Amino acid sequence: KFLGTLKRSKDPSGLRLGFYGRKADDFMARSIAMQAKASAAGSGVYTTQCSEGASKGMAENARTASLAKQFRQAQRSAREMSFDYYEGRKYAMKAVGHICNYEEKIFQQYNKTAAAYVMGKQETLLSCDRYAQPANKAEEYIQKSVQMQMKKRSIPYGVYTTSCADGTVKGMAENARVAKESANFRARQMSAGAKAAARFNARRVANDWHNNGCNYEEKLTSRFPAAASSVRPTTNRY
Amino acid sequence: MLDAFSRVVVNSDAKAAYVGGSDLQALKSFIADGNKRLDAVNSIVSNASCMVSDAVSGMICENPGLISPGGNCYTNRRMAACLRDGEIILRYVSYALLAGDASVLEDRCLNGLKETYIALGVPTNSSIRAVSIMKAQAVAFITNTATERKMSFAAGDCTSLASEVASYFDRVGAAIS
Amino acid sequence: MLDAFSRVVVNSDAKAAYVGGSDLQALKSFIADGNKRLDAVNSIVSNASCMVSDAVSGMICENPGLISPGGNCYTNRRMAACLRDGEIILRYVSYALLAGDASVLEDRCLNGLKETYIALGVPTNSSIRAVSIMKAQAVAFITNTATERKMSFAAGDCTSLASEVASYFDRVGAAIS
Amino acid sequence: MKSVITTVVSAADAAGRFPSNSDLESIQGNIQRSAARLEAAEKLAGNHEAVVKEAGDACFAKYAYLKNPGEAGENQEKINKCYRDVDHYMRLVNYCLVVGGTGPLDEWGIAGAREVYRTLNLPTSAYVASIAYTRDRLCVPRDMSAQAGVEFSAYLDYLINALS
Amino acid sequence: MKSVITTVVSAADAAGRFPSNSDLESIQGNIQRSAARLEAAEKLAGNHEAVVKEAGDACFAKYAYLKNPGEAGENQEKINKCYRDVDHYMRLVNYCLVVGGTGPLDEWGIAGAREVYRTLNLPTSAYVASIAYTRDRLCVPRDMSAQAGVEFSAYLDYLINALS
Amino acid sequence: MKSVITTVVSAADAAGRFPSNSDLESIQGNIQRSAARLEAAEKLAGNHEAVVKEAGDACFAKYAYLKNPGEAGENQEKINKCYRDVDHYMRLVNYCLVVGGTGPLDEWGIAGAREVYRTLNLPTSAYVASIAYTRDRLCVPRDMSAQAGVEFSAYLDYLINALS
Amino acid sequence: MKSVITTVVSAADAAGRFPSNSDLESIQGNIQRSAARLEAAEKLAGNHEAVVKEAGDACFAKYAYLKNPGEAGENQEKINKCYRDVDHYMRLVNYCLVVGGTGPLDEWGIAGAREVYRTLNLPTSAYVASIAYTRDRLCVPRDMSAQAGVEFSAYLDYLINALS
Ligand SMILES: C=CC1=C(C)[C@@H](Cc2[nH]c(/C=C3N=C(/C=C4/NC(=O)[C@H](C)[C@H]4CC)C(C)=C/3CCC(=O)O)c(CCC(=O)O)c2C)NC1=O
Ligand SMILES: C=CC1=C(C)[C@@H](Cc2[nH]c(/C=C3N=C(/C=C4/NC(=O)[C@H](C)[C@H]4CC)C(C)=C/3CCC(=O)O)c(CCC(=O)O)c2C)NC1=O
Ligand SMILES: C=CC1=C(C)[C@@H](Cc2[nH]c(/C=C3N=C(/C=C4/NC(=O)[C@H](C)[C@H]4CC)C(C)=C/3CCC(=O)O)c(CCC(=O)O)c2C)NC1=O
Ligand SMILES: C=CC1=C(C)[C@@H](Cc2[nH]c(/C=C3N=C(/C=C4\NC(=O)[C@H](C)[C@H]4CC)C(C)=C\3CCC(=O)O)c(CCC(=O)O)c2C)NC1=O
Ligand SMILES: C=CC1=C(C)[C@@H](Cc2[nH]c(/C=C3N=C(/C=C4\NC(=O)[C@H](C)[C@H]4CC)C(C)=C\3CCC(=O)O)c(CCC(=O)O)c2C)NC1=O
Ligand SMILES: C=CC1=C(C)[C@@H](Cc2[nH]c(/C=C3N=C(/C=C4\NC(=O)[C@H](C)[C@H]4CC)C(C)=C\3CCC(=O)O)c(CCC(=O)O)c2C)NC1=O
Ligand SMILES: C=CC1=C(C)[C@@H](Cc2[nH]c(/C=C3N=C(/C=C4\NC(=O)[C@H](C)[C@H]4CC)C(C)=C\3CCC(=O)O)c(CCC(=O)O)c2C)NC1=O
Ligand SMILES: C=CC1=C(C)[C@@H](Cc2[nH]c(/C=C3N=C(/C=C4\NC(=O)[C@H](C)[C@H]4CC)C(C)=C\3CCC(=O)O)c(CCC(=O)O)c2C)NC1=O
Ligand SMILES: C=CC1=C(C)[C@@H](Cc2[nH]c(/C=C3N=C(/C=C4\NC(=O)[C@H](C)[C@H]4CC)C(C)=C\3CCC(=O)O)c(CCC(=O)O)c2C)NC1=O
Ligand SMILES: C=CC1=C(C)[C@@H](Cc2[nH]c(/C=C3N=C(/C=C4\NC(=O)[C@H](C)[C@H]4CC)C(C)=C\3CCC(=O)O)c(CCC(=O)O)c2C)NC1=O
Ligand SMILES: C=CC1=C(C)[C@@H](Cc2[nH]c(/C=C3N=C(/C=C4\NC(=O)[C@H](C)[C@H]4CC)C(C)=C\3CCC(=O)O)c(CCC(=O)O)c2C)NC1=O
Ligand SMILES: C=CC1=C(C)[C@@H](Cc2[nH]c(/C=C3N=C(/C=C4\NC(=O)[C@H](C)[C@H]4CC)C(C)=C\3CCC(=O)O)c(CCC(=O)O)c2C)NC1=O
Ligand SMILES: C=CC1=C(C)[C@@H](Cc2[nH]c(/C=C3N=C(/C=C4\NC(=O)[C@H](C)[C@H]4CC)C(C)=C\3CCC(=O)O)c(CCC(=O)O)c2C)NC1=O
Ligand SMILES: CCC1=C(C)[C@@H](CC2=N/C(=C\c3[nH]c(C[C@@H]4NC(=O)C(C)=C4CC)c(C)c3CCC(=O)O)C(CCC(=O)O)=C2C)NC1=O
C-alpha cells in the first residue's frame, strides 16, 4: 500500500528538537553547572552558601528532596512545561549581561542550558534567598512580604501546587524545616565582606533586569538590598 | 582554614619574612608527632555518640530546670535540636586537633554563635556546663583513664595533646559566653 | 567515583564473593607500584602548558583547513574554546592514570560527548588528530625520550604505565568516534 | 561510593583542577596500612557462618519478647530471615575494610534505614544492640593482629552512630 | 584558603553532614608526606635573598628591552620594585608548601593578576618566564631531598598555568 | 499548630485572597461534631491517673528486659520518669480532641522523636507498643458514646503511624 | 480547581505528608450542607433561560448608551453575543454550587478578566452591575430554601469582588 508510512501528529509536551538534541542538552548544562560549580569553588572551597542538608546527615534524605524535584519537574503538565521553556529563554537574555552571537544561540534552542544558567550564574553571586542578611526589623519585614507574593505566584489559587511539595515521606517533612534554619544561620555566620558584597550584588539582579522603568522599585533595592534579594522573579514555581 | 603548620607563616607574611632555620624545630616536633596525634583521634571518633549522650544526660543530671515545661529544653524537637547543637562543638574540636589549630574552629562556628543563642533564648550557663563535660570525657579518651573502654596503644606521653585539647574547649567556652 | 581498589569489589559484590588472597596479589602489585605510578603522573602535569600548545599547533600544522574563515576553528574566541576543550581532556586522563581505572573519565566526560560536537559542528577527525599527538607526547613524557627536557628519576622499566596510558587515550578517541 | 578516591579526584573535579600533589599524597596512607587493613577481611570471611549465629540469640536473649504473634519474630520464618539481616549488615562491613572508607555501607545499607524498620514493625533498638554485642566482641592480640582491630571496631560503633 | 581542610569540612557543611570517614581519611595523606613537604620550605627560606637576584637579570637577559624610557623598567627605581615583585611571588609559594594546597596563592597573588599588569604596562610574558627560569632551576638529589622537589616544581609551572 | 483554621485562613493568605465560601464551609464540620468530639476529652481527663499505671506494666510485661543495669529502666528513678513519659504523650492526645486536628502533637511531641530516644538508649519499639496497648483498649458503646471513640482511636494508631 | 479537596490533599502533598485527621475533618462540612447547597443548583438550571433575559435589559436600562455605532452594543449581533456573555458567567456560578468552592470560576472565567474587556472596548462597569442586579434579586424563604440562598448570594457579590 503506502507502506503505512501513514503518520499523524502527536503531543510530546517537551522540547522535541531531536533525540540527539535532547541527550546533547543535559550534557552541556551539566557542564554549565560544573562550570558554575567551579566559580563557587574558584578557590577550592565548597563555600558555605551552598548547604543541601541539616545537622543530622540527611542529604540522602535531601537526595530524595532533590530527586523529587528531579521528578516533579519531569511530571509537569503541558502548560507549565511549555511556559517554562519560553520564560527561561528571555531570562537567559536577562542572565547574561552582554549580547552575543554565541551565548543566547545556545540559550534559546536549549532550555536546560538556560535553566542551569539562571540557577548556576545566579547562585555564585549572592542575590539568592536566605543568604543576604537584613540589618533591622524594617528590612526583614518587606523581605517577608515580597516572599508572600512568591507564594502567591506558585500558589495562584485555592489549589496548592505540586512543585513546592518539598517532601514525600514523614522523615523529610520536618527535615525540610530544619534544613533551612541551619542555612539561615550560615548567611550571618560565614564572613563579613562577602555578605557585604551581597548587598551590592542584590542590586545587580533587581535593578537591571527585574524592575526597569520603576524608580520606586529601583530605590527599594538600593535602600533595602536584602528585601530585594528574595524577590525571586525567576518563575521556577517555588 | 589554617592548620598548626600554618600559624607560623602568616606572621612571617606580615614581616616580608620566610620560615628560616630557627622557628620550625617545634614543627619538627610537630611532624615527628604525626602518629601520636593519629593515635588520639581514633579514640574520640570511635565513641562519638557516647560523648553526646554522656554530655546532655550529665547536663540534665545537674539541671532539672530545663526539663520543666516552658523552659528552654524539655520537649521533643527541642531536645532533638540539642543533639544538633551538642555534637557541633565536638564536630569542630576534632578538626581543631586534626589540623592542630583552632583556626578551623574560629570562623566556622564561633562567628555569631553567642548572639544567636540569646536570639533563640538558649541559656549560656547550661551551654558552658555541657562543654565542660565534653572536655572531661575527651581528656580521658585521648589518654588511658576511661572506665571500661580499653583500646590498644603504644606507651609514652600524650599530655602535649591534653594541653592542646584543654586550650580548645575553653576557646569555645569564651565564644559562647 | 570508582578505581582499582573499588574495581575488584564490584565484581565480588555482584557474586557476594568474600574477598580473599586470590585476587589481592594483583592489587599488591598496584600496592608495590604506588611510587612508580606517581612517578609518571608528575612528569605529565609539569608540562601541561607545553602539550596544549604542542598539539593544536601540530594539528594546525597538518591541516590548515580549520584556520580558513568559514571553517571550524579560525577566529579568536573560537581558538579560546580550542584550548578549553583541549586542556580538559588532559585533566581527565590524569585522573584516570591515578585510579588505575578510566571510570572517572567514563562518566564526567564520556557520556553523550560525541554528538554534542556534531550538534555544534566540530569535525571529529581533527579531534582524533589532536588526541593522538596528546597520546604520543605523553608516552614520551612518562619516559626519558623527550627532546630537551630530562627530569631526574630512578631507572628501570616503566612500560606497564605506558600500556595503561595508551589504553586510556584511545578510550577517549573511540568515545568521540 | 566513599573512599579517598571519592575525596581527591572528585574535589579536583569540583575545583575544575589537576590532580596536584594534595591529591597524590592522600592515597599514600592507603599503601602503608592496607596490610594493616586486609588481614581483618578474611577473619569475618572465615567467620561468615560462625558469628552470625552467636549474635542472633545473644540479641534474642536481651530481646526475648519477639516470639509472640503480632511482632517482628512471631515464627522461625522471621528468624530464618533474621540471620539473613545481620549477615547483610556483616557483608558490607567486610567490604569497607577493602575500599578504605565506608563505601558500601552508606549508599547501600545505611541511608534510609530510618524509613524502613519500625514501619515494617522491626525494632531499631535490637538492630544496634545486636551490632553492639559484636562491637566489644574482639580481642586484639589474639584473634587478629593489633593493627587490624582498630579498623574493625571503628566500623561497628559507627553502625550505631549512623543509625543515630 | 585552599587545602584539604577547605575540601572536606566545607563539603560536609555543603552537604549539611557529619565529618564522616571520607573526611577523616583525606588528612592522613598530609601526615605521611609533611616530612616530604617541609624540608622544601627552609630551602627557599634559606635562599630568600639568594635566588631573587639570580632570577631578575636572568629574566632581564632575555628581556633586555625594558631599560628605555616609557616602559616597565625605565630606571633602577623600577628594578628596586622589581626584586620586590618576584619575591612577593616567592613568599606565597613557600607558604603553599606549608598549607598543602595552593592556599595563599589564589586568594592573594593569582586571582585578578590578568587585570593588573599590562594595564600598568607590565609585561606578563616576562612574569611567567622569570618563574619558568626558576621552574627548571632545581637538582633533586643534590639541593633538597628527592621527596621535596616534586611539591616545589609542581607549584612553579602552576604559576605559568594559573596565568593562562 | 494544626486544625482547619490552619488550613483555610492560611491558604487564603497563601493565595493572597479573601475568606471566600470555600473557607467558610470548612469550619461547619467542627460544629456538628464537636459534641461528638468533646465527651471523649473528659474521659482521659477523668482517667488521667487511671490508665497511665495500667499501660506502663502492660508495656513492662512485654518489655521486661529493662530492669538490668545499663539500660533504659535500670532503677525506679527511670520508672518514676517513665510514667511521666506516657502521660506527656497522653496530655497531647487529649488536646487534639479539642483543636480538631493533631495540633499539639506534631509541633510539640512528634517531630524529631526519631532523633532522641535510642540516642538516649530509649527503645522506640516499647513506645509504640505501650500506645498500641491503649489503642485497642476501648469499648465504644460502654465507656464513651459511639461518636467519641472514632476520634480517640484514630489518634492512637496515628502515634504508631507518626513514629513510622 | 478550587475546593476543599484542593486544600487538604494538596497541603498534605505540600508537606509531603499522610492524609491525617486534619484532612479527614475538612470534608465532613461538605456532607452536612450539600443538601443545603444543591437545591440552589436546579433553580438556575430551571431558570437558565428565564433570568438571562431579565438581567440584560435591566443592565441596558441603566446602560442605555451602548446602541450608538462605535461602541460595545452597536447592533443586535452584539446583543446576541451579550446574552451569551452573561449566561457564560451564569454557567460557572451554577457549577460552584456543586464543587463547593469557586472552582470553575477562577481558572476559567475570572483570572485575566481585567486584560480583555476594555481592550475589546467592553465596559467592565456594566459587567459587575448586571451581576449586582442579580445579586440582590433573590427572596430566601420563597424562591428556594433558606439554606440555599447564602451560597448563591455569596458567589454573586464575589463576582464584583473578583473583578476588583
Ligand atoms: C571477627 C570476629 C570474630 C570473633 C570474636 C570470634 C568469635 C570467637 N572468639 C572465640 C575466642 C575467645 N577467646 C577468648 C580469650 C581471651 N583471652 C584474653 O585474654 C581476652 C580477655 C579474651 C579475648 C576476647 C574469649 C573470652 C573468647 C570468646 C568466648 C569463646 O571462647 O567462645 C571463639 C572460640 C574459638 C576460638 O578460640 O577461636 C569464637 C567462636 N571469631 C570471629 O571471627
Ligand atoms: C630553591 C631553589 C634554589 C636553587 C636552585 C639554588 C641556587 C643555586 N644552586 C647552586 C648549585 C648548582 N649545582 C649544580 C650541580 C649539579 N650537578 C648535577 O649533577 C646536576 C646536573 C646539577 C643540579 C642542578 C649546578 C649546575 C648549579 C647551578 C650553577 C651554580 O653552581 O651556581 C648554587 C651554587 C652554590 C651551591 O652549589 O649551592 C646556587 C646559588 N639555591 C636555592 O635555594
Ligand atoms: C435564581 C434566581 C431566580 C429568580 C430571582 C427568579 C426570577 C423571578 N422571581 C419572580 C418572583 C418574585 N417574587 C416576589 C415576591 C416577594 N415576596 C416577598 O415578600 C419578597 C419581598 C419578594 C421576594 C423577592 C417578587 C417581588 C418577585 C420579582 C418580580 C416578579 O414577580 O417578577 C418571578 C415571577 C414568577 C414567580 O413568582 O416565580 C421571576 C421570573 N427565578 C430565578 O430562577
Ligand atoms: C559549557 C558551556 C558554555 C557556554 C554556552 C558559554 C557561556 C558562558 N560564558 C561565560 C563567560 C562570559 N561570557 C561572556 C559573553 C560574551 N562575550 C562577548 O564579548 C560577547 C558579547 C558575549 C557572548 C559571546 C563574557 C564577556 C564572559 C566572561 C565574563 C563573565 O563571566 O561574564 C560563562 C561563565 C563561566 C565561564 O567563564 O565559562 C558561561 C557559562 N561558556 C561555556 O563554558
Ligand atoms: C519591595 C520590593 C519590590 C520590587 C523590586 C518590585 C518588583 C515587583 N513588582 C511586582 C508587581 C508589579 N510591579 C509593577 C511595577 C512596574 N510596572 C511598570 O509598568 C513600571 C515600569 C514598574 C514600576 C512602577 C506593577 C504595575 C505590578 C503589578 C502587575 C504585575 O504583577 O507585574 C512584583 C510582584 C508582587 C509585588 O507587587 O511585590 C515584584 C516582586 N515590587 C516590589 O514590591
Ligand atoms: C547524674 C547523672 C550522671 C550521668 C549520665 C553520667 C554522665 C557523666 N559522665 C561524666 C564523665 C565521663 N563520661 C565519659 C564517657 C564514657 N565513659 C565510658 O565509660 C563510656 C565508654 C563513655 C560513654 C559512651 C568519660 C570518659 C568521663 C570522664 C571520667 C570517666 O572516665 O568516667 C561526668 C563528669 C563530667 C565532668 O566532670 O565535667 C558526668 C556528669 N554521670 C552522672 O553523674
Ligand atoms: C574485550 C572486552 C573485555 C571484557 C568483556 C572484559 C572481560 C573481563 N572482565 C574481567 C573482570 C571484571 N570485569 C568487571 C566488570 C563488570 N562486572 C559486572 O558485574 C559488569 C557486567 C561489568 C561492568 C560493570 C569486574 C568488576 C571484574 C572483576 C571482578 C569480576 O570478575 O566480577 C576480566 C578479568 C581481568 C580484568 O579485570 O580485566 C576480564 C578479562 N575485559 C575486556 O577487555
Ligand atoms: C609543523 C607543525 C609542527 C608542530 C607545532 C610540532 C608539534 C608536534 N610535536 C609532536 C611530538 C612531541 N611533542 C612533544 C612535546 C614537547 N617537546 C619538548 O621538547 C617540550 C618539552 C614539549 C613542549 C612543551 C614531545 C615529547 C613529542 C614526542 C616526540 C618528541 O620528543 O619530539 C608531534 C607528533 C605527534 C605524533 O607523533 O602523533 C607534532 C605534530 N611538530 C610539528 O611538526
Ligand atoms: C607523589 C610524588 C611521587 C613521585 C614523582 C615519585 C618519584 C619516584 N619514582 C621512583 C622510582 C621508579 N620510578 C620508576 C618509573 C619511572 N622511572 C623512570 O625512569 C621513568 C621516567 C618512569 C616510568 C614511568 C622506576 C622503574 C623506579 C625504580 C623503583 C625503585 O627504585 O625501587 C621513586 C623511588 C621509589 C620506588 O618506586 O621504589 C620515587 C620516589 N614517587 C612519588 O611518590
Ligand atoms: C542488603 C541489605 C539488607 C539489610 C541491612 C537488612 C535490613 C532489612 N531487613 C529486612 C527485613 C527483616 N529483617 C528482620 C530481622 C530481624 N528482625 C528483628 O527484630 C531482629 C532484631 C532481626 C533478626 C535477628 C526480619 C525478621 C525481617 C522480615 C520482616 C517482615 O517480613 O515482617 C528488610 C526488608 C526487605 C527484606 O525482607 O529483606 C531490610 C531492608 N536486609 C537486607 O537485605
Ligand atoms: C604580594 C603580592 C604582589 C605581587 C605578585 C607583585 C605583583 C605586582 N607588581 C606590581 C608593580 C611592579 N612590578 C614590577 C616588576 C617587574 N616589572 C617587570 O616588567 C619585570 C618583569 C619585573 C621586575 C623583575 C615593577 C617594575 C612594578 C612597578 C610598576 C610601576 O609602578 O610602574 C604591582 C602593583 C602594586 C605594587 O607596586 O606593588 C603588583 C600587584 N607585587 C606584589 O605586591
Ligand atoms: C512533653 C513531651 C514529652 C514526651 C513525649 C516524653 C518523651 C521523652 N522521654 C524522655 C526521657 C525518658 N522517657 C522514659 C520512659 C520510658 N523509657 C522506656 O524505655 C519505657 C518504655 C518508658 C517508661 C514507661 C525514661 C525512663 C526517660 C529517662 C531516660 C534517661 O534519663 O536516661 C525525654 C528526654 C527529656 C526528659 O527526660 O523528659 C523525652 C523528650 N517526655 C516528655 O517530656
Ligand atoms: C466562558 C466564558 C465567557 C465569559 C465570561 C464571557 C466574557 C466574554 N465576552 C466576550 C465578548 C462580548 N461580550 C459581550 C457582552 C456585553 N457587552 C456589553 O457591553 C454588555 C454589558 C454585555 C451584553 C449584555 C459582547 C457584546 C461581546 C462581543 C464584543 C465584540 O466582539 O466586539 C469575550 C471575547 C470572546 C467572545 O466573543 O466570546 C469574552 C471572553 N464570554 C465567554 O465566553
Ligand atoms: C543529585 C541529587 C543528589 C546528591 C547531591 C547526592 C546527595 C549527597 N550529597 C553529598 C554531598 C555534597 N553536597 C554538596 C553541595 C554542592 N554539590 C556540589 O557538587 C558542589 C560543588 C556543591 C556546593 C554548593 C557537596 C560539595 C557535597 C560533597 C561531595 C561532592 O558532591 O563532591 C553526599 C555525600 C557526602 C557525605 O558522605 O556526607 C550525598 C550522598 N545524592 C543525590 O542523589
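If you're wondering, the header gives electron microscopy, 4.3 Å.
Here the Cβ of each residue, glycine as well, is placed from N, Cα and C on the backbone.
These come from Swiss-Prot:
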BINDING   B:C50, B:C61  phycourobilin binding site
BINDING   B:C82  (2R,3E)-phycoerythrobilin 1 binding site
BINDING   B:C158  (2R,3E)-phycoerythrobilin 2 binding site
MOD_RES   B:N72  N4-methylasparagine
Residue among the binding-site residues B:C50, B:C82, B:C158 whose Cβ has the most other Cβ atoms within 10 Å: B:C82
Rounded Cα-Cα span from B:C82 ((2R,3E)-phycoerythrobilin 1 binding site) to B:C50 (phycourobilin binding site), Å: 15
Integer Cα-Cα distance in angstrom, the residue listed as '(2R,3E)-phycoerythrobilin 2 binding site' to B:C61 (phycourobilin binding site): 31
Separation of alpha carbons, the residue listed as '(2R,3E)-phycoerythrobilin 1 binding site' and B:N72 (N4-methylasparagine) (Å): 10
B:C61 (phycourobilin binding site), number of other Cβ atoms within 10 Å: 10
Cα distance (Å, whole number) from B:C82 ((2R,3E)-phycoerythrobilin 1 binding site) to B:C61 (phycourobilin binding site): 15
Cβ neighbour count within 10 Å of the residue listed as 'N4-methylasparagine': 18
Collapsed DSSP category at B:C158 ((2R,3E)-phycoerythrobilin 2 binding site): coil
